[PDB]
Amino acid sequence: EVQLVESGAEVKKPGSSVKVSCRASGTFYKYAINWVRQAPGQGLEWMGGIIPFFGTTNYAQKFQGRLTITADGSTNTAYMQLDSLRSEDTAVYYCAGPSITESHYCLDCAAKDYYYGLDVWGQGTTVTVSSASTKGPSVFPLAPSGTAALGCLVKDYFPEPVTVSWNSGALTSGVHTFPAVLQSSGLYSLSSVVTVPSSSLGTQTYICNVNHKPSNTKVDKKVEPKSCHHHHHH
């Protein structure tokens, strides 16, 4: 019933601390709110949980002493704070909980009695731990060559993630945003392409909207067919 929404992407230097929030859309106080992460190329890893009604916290041994989980009932928000960050902490961080109800809630049970299968999940928060500089993208139009392909080249950004929409979200059919490549420079690049009827190239407008949260950068780029006789410069 309740939905869980986490805070945005983060980028942190080694040795620093990160805090991720997890806001529920209504009361979510009785059962354990769990935190689970996934590092690149690894399996899901349980970090810990809190039973907000009692404040009781359980942590995986691996994180004891540098992980703190909070539940603020008054705002229906839970938090994860992970200290002394290392490269192995680069991961997607999820909060999650159960949709359980009971005729009678136990007021004095063992902590394990409030842990259940997790069927309510946050959308996940990407945290990157790195000494490298944060850098927003350069965006270039990919002009259309019975369908046509046109797109936007999103070049040289760090870290992940980037999002791309078209016409502020109004255009969704035919959109294919490709996974990024990690280049030899240590920066990422990706492309987003829209397949459109070739016949409508003359009138219809195509603007890609690129968002890179870690650098607080947004780019809008109009994508038009390439003119033969007119080479523009600024």
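Each residue number is its position in the shown sequence, starting from 1.
- Unmodelled stretch separating residue 87 from residue 88: none (count of deposited-sequence residues without coordinates).
- The stretch 97-105 shows the higher mean C-alpha B-factor when 97-105 is compared against 120-128 in the entry.
- In this entry, the higher average B-factor at the C-alpha atoms falls on 146-154, of the pair 131-139 and 146-154.
- Highest CA B-factor among the listed residues (170, 47, 182, 32): 170.
- Taking the deposited Cα B-factors for 209, 204, 38, 57, the highest one is held by 204.
- Ranked by Cα temperature factor within the chain, residue 52 sits in the lowest third according to the deposited record.
- When the modelled residues of the chain are ordered by C-alpha B-factor, residue 27 sits in the middle third.
- Sorting the modelled residues of the chain by their CA temperature factor places residue 188 in the lowest third.
- In the PDB entry, residue 70 places in the lowest third of its chain by CA B-factor.
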